[PDB]
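As a starting point, one isolated chain is supplied in structure tokens, in the form deposited in one PDB entry.
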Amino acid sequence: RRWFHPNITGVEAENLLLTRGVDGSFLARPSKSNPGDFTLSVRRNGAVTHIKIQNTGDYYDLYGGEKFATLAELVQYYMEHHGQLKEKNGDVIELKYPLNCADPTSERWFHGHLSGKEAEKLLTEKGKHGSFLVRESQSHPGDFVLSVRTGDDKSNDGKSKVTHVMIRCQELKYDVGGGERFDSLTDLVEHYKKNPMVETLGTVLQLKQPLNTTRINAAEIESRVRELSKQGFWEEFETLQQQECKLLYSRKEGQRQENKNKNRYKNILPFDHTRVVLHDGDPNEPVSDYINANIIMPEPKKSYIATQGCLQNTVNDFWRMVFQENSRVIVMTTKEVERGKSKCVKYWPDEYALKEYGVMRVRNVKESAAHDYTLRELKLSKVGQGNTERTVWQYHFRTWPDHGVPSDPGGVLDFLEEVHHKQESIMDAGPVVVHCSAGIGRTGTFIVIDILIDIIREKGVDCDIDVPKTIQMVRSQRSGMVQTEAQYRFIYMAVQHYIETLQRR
């Protein structure tokens, strides 16, 4: 993901494209003052165009283009579909040649600030064979150091060790005292990852996994939120975003012509390997097996389905899915309407009423209002088959703000606690459905929080959580799960709040 430049101003971006790019060169960058605002800067005709990309929490919105689940998916889409991006005039803007960043600050293995003993101590306590990091040399400013652990993963017996390797910076290029000079640390690290260094006496300094500092015991969260609150949240979030290059899995079924009008947004699509497949379709319907939805399985375990708000033409498919998967609990993440725009289409009957949605039949038995949500008790059955009836409990969250995130996580936490006890009380209930909007932002945020508090509920303080690792695992099952830095911070705040209420228990 070299085309993303975290610490660049607009005028710096222009100068890079004009002096080191050509027509078709391009890069993306953030605004520093306005989080969630991004810019795509592109060269055309020896001049530079800047195109804004907005994320309020639900998707990336490219002005003059489409909506996307990640910046990597945006770039992949426009590098394979020419003529497709246009300016105000309507003229064509081509993304041909990514302009690569050399700044290493968003790489998992970069820990600029560490000293040698502090790096030895981290690798000693937290690392295993092949754990590595790169830090700035203290004794030679501008130079860097590579620290690596190697040995037997079975007390302090002498079967393992840390080694250090010095990295010179000479005329803006990096080397290990011999061989090739590299244009950046990334290229040097990538090269020795594939072709590790060997000491004369045989030891192979294998670079297998970056040092892990985000795995922590649950009673540490309080002091870690404090550290991260003093732009650390930004750094850690952006480090996670630079891993999304690894999650470009295929979405071919969602691109079929037969399926185009089943998607809220044409390029926000379900991965093929985790999509929910519908069986028992009307035999006439050429393609009856598609819904924009994915199974989320955390890696007596709870699983989820993350999905979009219905289209008026996908309401029947939504009920086919709930029935087939045996789901007994639904969470809605938005109002029907926000800012005068449809965010989650009504797909249930009015209170006390009964409606048929194709082959499925739903009764709305009772609504109950709470402060932050409405609960609707629904009864779902197949038409013509009496005792297929099951209760489905629909939890509609109603107080999420239109932009950003709640200022207090208590409401969300009290909501998931109730949703969790309902699910546990029903024997053999299927996955919990979580949906509305495009089903990636709020939906990802609710699911991740739920996974993390589950661990803490079953274990207690004596449990390791790892927030960015957990999100990466859920982003491998649906595109773009958790959209913003505000949502990312919200998840840490929710975990902190949950711990501090049980620590009063």
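Residue numbers here begin at 1 and follow the sequence given.
Not pictured, yet referred to below: the form deposited with a small molecule bound.
This chain is displayed alone, yet in the deposited complex one of 258, 238, 377, 220 has a heavy atom within 4.5 Å of the small molecule; that residue is 238. A single residue from the set 242, 150, 314, 186 has any heavy atom within 4.5 angstroms of the small molecule in the deposited complex; that residue is 242. Of the candidate stretches 316-324, 173-181, 279-287, 242-250, only 242-250 contains residues with a heavy atom within 4.5 Å of the small molecule in the deposited complex. At a distance threshold of 4.5 angstroms between non-hydrogen atoms, residue 362 is out of contact with the small molecule in the deposited complex. Interface membership of residue 71, defined by any non-hydrogen atom within 4.5 Å of the small molecule in the deposited complex, is confirmed. Under a 4.5 angstroms non-hydrogen atom cutoff, the small molecule in the deposited complex has residue 38 among its neighbouring residues.
Within 4.5 Å of any heavy atom of the small molecule in the deposited complex lies no heavy atom of residue 498.
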